[PDB]
Amino acid sequence: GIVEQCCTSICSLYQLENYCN
Amino acid sequence: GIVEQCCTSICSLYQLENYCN
Amino acid sequence: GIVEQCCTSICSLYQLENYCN
Amino acid sequence: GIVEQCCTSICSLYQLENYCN
Amino acid sequence: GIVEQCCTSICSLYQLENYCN
Amino acid sequence: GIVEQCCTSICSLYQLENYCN
Amino acid sequence: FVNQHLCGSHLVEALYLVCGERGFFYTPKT
Amino acid sequence: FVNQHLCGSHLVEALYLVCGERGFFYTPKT
Amino acid sequence: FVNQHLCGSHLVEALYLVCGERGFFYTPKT
Amino acid sequence: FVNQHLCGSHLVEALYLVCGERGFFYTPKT
Amino acid sequence: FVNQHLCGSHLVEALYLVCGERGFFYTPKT
Amino acid sequence: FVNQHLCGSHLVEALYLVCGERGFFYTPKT
Ligand SMILES: [Cl-]
Ligand SMILES: [Cl-]
Ligand SMILES: [Zn+2]
Ligand SMILES: [Zn+2]
């Protein structure tokens, strides 16, 4: 999931935005 | 909520555990 | 400058991009 | 010691508590 | 102490070295 | 440069000082 | 342990510490 | 914006800045 | 995304996030 | 609470949150 | 270098930076 | 002062503390 993706690969701010409430 | 309990007021680390999943 | 825009006032992440090289 | 343990392995908050004054 | 010197007042990085072991 | 040096090797605060405006 | 004021990014850093793999919700609107 | 490499508490900081008053949920594997 | 107050080290942390490899200038005098 | 993996300045942040007004001492090897 | 206000977790982060392997004490009661 | 091992946002924090009101520029490779 996002926590692993951002650390083992890369992630965008747009992907992070999906985890806002 | 959490801001009122922990920022505006003060909270313990045990109170912070209230917001774990 | 940046402090006035983002600290004193409020700014968006797009405004912060104004200070990228 | 604790600085190395927490970084090379894991450590608990209860172990950290021992380093408070 | 350190809070009075560096938070309440202002301190230099050399003053901060006063609290090294 | 400094960003890579500080991460792949080590760097001093005196070297960092060179990047102040 | 202690009780203290935790605000902003410091609050979520503390939640990360306390919750870890459990995960957590930060919901300031309440 | 640029892509990100974020581990540990750095991910939680990024979520805090992206979501603001909306807040967020932090849900690691396992 | 949102608008918020970003001050001190938090401001430069946000600039790092937003700019990344582009780099950035932090110039408080203006 | 959960167990922790803390390096560098992250350990010092955790000590700060655990100890509060009592403060702490940070004593690495060598 | 400069003189500035350093408070809370930011103060201990600065002590970590300045002291490093020497280690340090943070003792707010004095 | 001691020598430093600084990656990611930790370098930017160190620059912030070293430069204070003067500010700084952050310029990675590529
Ligand atoms: Cl890190
Ligand atoms: Cl602050
Ligand atoms: Zn802060
Ligand atoms: Zn880090």
Inset, instruction - Specify the inter-centroid distance of chain A and chain G, based on alpha-carbon positions, in whole Å. - result: 19
Legend entry - Calculated label separations, G:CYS7, copies of the chain, 7 Å along the beta-carbon direction, nm: 0.7, 0.7, 3.3, 3.3, 3.3
Inset, instruction - For A:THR8, place a label point 7 Å out from Cα along the Cα→Cβ vector, do the same in each other copy, and report the separations in nm, one decimal, smallest first. - result: 2.6, 2.6, 4.2, 4.8, 5.1
Inset, instruction - Starting from the Cα of J:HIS5, step 7 Å toward the Cβ, then list every residue of chain D with an amide N under 17 Å from that point. - result: D:3-13
Legend entry - Chain K, closest residue to the rotation axis toward H, by beta-carbon, whole angstrom: K:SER9, 6
Inset, instruction - Along Cα-to-Cβ, 7 Å out, sits the label point; list in nm, shortest first, how far the one on I:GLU21 is from those in the other copies. - result: 3.3, 3.3, 3.6, 3.7, 4.9
Inset, instruction - Please report which chain C residue places its beta carbon nearest the axis carrying chain C onto chain F, with the distance rounded to a whole angstrom. - result: C:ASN21, 6
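A short reminder: the numbers here are calculations on the coordinates, not readings from a lab. For neighbour counting, all protein chains shown are included, and Cβ atoms are generated from backbone atoms with ideal geometry for every residue, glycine included.
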